[PDB]
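Reproduced below: model-v1.cif, with mmCIF, C-alpha atoms.
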```
data_final
loop_
_atom_site.label_atom_id
_atom_site.label_comp_id
_atom_site.auth_asym_id
_atom_site.auth_seq_id
_atom_site.Cartn_x
_atom_site.Cartn_y
_atom_site.Cartn_z
CA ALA C 23 5.37 3.97 12.61
CA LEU C 24 3.41 3.13 15.74
CA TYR C 25 0.18 4.95 16.57
CA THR C 26 -1.35 4.08 19.92
CA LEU C 27 -4.65 5.08 21.53
CA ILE C 28 -5.40 4.68 25.24
CA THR C 29 -8.83 5.40 26.73
CA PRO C 30 -10.24 4.39 30.12
CA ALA C 31 -11.81 0.95 30.21
CA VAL C 32 -15.22 2.29 31.28
CA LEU C 33 -16.07 5.77 29.97
CA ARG C 34 -18.29 7.82 32.25
CA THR C 35 -20.89 10.10 30.70
CA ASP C 36 -21.45 13.84 31.29
CA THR C 37 -17.82 13.97 32.38
CA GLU C 38 -14.78 15.59 30.78
CA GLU C 39 -12.63 12.51 30.15
CA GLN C 40 -9.04 12.24 28.94
CA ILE C 41 -7.76 9.90 26.25
CA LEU C 42 -4.21 9.54 24.92
CA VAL C 43 -3.25 9.58 21.23
CA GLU C 44 0.42 8.86 20.65
CA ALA C 45 2.76 8.36 17.68
CA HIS C 46 6.07 6.52 18.06
CA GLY C 47 8.53 7.06 15.23
CA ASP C 48 6.60 9.57 13.11
CA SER C 49 7.51 13.25 13.26
CA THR C 50 5.58 14.78 10.38
CA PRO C 51 3.07 17.00 12.24
CA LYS C 52 -0.55 16.05 11.82
CA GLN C 53 -4.07 17.39 12.22
CA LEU C 54 -6.27 14.50 13.27
CA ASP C 55 -9.92 14.26 14.22
CA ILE C 56 -11.62 12.28 16.99
CA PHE C 57 -15.16 10.97 16.61
CA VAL C 58 -17.29 9.39 19.34
CA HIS C 59 -20.05 7.32 17.72
CA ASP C 60 -22.23 4.58 19.21
CA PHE C 61 -21.53 0.86 19.19
CA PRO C 62 -23.96 -1.11 16.92
CA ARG C 63 -24.40 1.24 13.97
CA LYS C 64 -22.66 4.51 13.19
CA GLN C 65 -25.14 6.83 14.88
CA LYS C 66 -24.91 10.57 15.53
CA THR C 67 -21.52 11.69 16.81
CA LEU C 68 -21.70 12.06 20.58
CA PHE C 69 -18.51 14.11 20.39
CA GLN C 70 -16.35 15.54 17.63
CA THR C 71 -13.11 17.50 17.87
CA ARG C 72 -9.77 18.17 16.20
CA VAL C 73 -6.38 18.34 17.93
CA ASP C 74 -2.91 18.84 16.50
CA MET C 75 0.05 16.56 17.18
CA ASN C 76 3.43 18.28 16.73
CA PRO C 77 6.91 17.10 17.84
CA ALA C 78 7.27 20.26 19.93
CA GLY C 79 4.50 18.74 22.03
CA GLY C 80 6.28 15.40 21.92
CA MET C 81 4.10 13.71 19.24
CA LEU C 82 1.44 12.87 21.80
CA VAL C 83 -1.87 14.61 22.39
CA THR C 84 -4.36 14.23 25.25
CA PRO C 85 -7.81 15.36 24.07
CA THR C 86 -10.66 16.12 26.44
CA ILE C 87 -13.58 14.10 25.13
#
```

Now that the file is in, can you turn its structure into structure tokens?
Amino acid sequence: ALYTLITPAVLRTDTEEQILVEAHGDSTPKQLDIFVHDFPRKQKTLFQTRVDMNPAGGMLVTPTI
């Protein structure tokens, strides 16, 4: 019932960065995708992945974008 997303304020490039996807109150396990587009228009995806968020992991997932 509360999905949060925490990235660094200034994302470096050519660097394996960590973000933080979190779900407070939901426990139905999910498969959820992360897309990294550009700002002004939806351009080519700079990154694209898929990570799974299960309550055995604590309903938080830390992808490596």

Atom CA of residue C:51 to atom CA of residue C:85 measures 16.2 Å

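Counting all atoms listed in the file and comparing C:54, C:73, C:87, C:45, the residue that lies closest to residue C:33 is C:87.
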
A straight line from atom CA of residue C:26 to atom CA of residue C:63 spans 24.0 Å

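Across the model, the gap from atom CA of residue C:36 to atom CA of residue C:58 is 13.4 Å.
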
Which of these residues is nearest to residue C:49, using all atoms listed in the file: C:77, C:82, C:62, C:68? C:77

Convert the output of the PyMOL selection byres ((chain C and resi 72) around 8) on the shown file into explicit residues, formatted as a count of residues only. 8

Residue C:47: which residues within 9 Å, counting all atoms listed in the file, same-chain residues fewer than 5 positions away excluded, as a compact mmCIF listing (two decimals) with C-alpha atoms, in the coordinates of the input?
```
# COMPACT_ATOMS: atom_id res chain seq x y z
CA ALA C 23 5.37 3.97 12.61
CA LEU C 24 3.41 3.13 15.74
CA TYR C 25 0.18 4.95 16.57
CA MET C 81 4.10 13.71 19.24
```

Step by step, work through what the PyMOL selection byres ((chain C and resi 39) around 12) selects in the shown file, and finish by giving those residues as a PyMOL selection string. chain C and resi 28-38+40-42+69+84-87

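Nearest to residue C:43 of all the residues C:57, C:79, C:27, C:66 is C:27, based on all atoms listed in the file.
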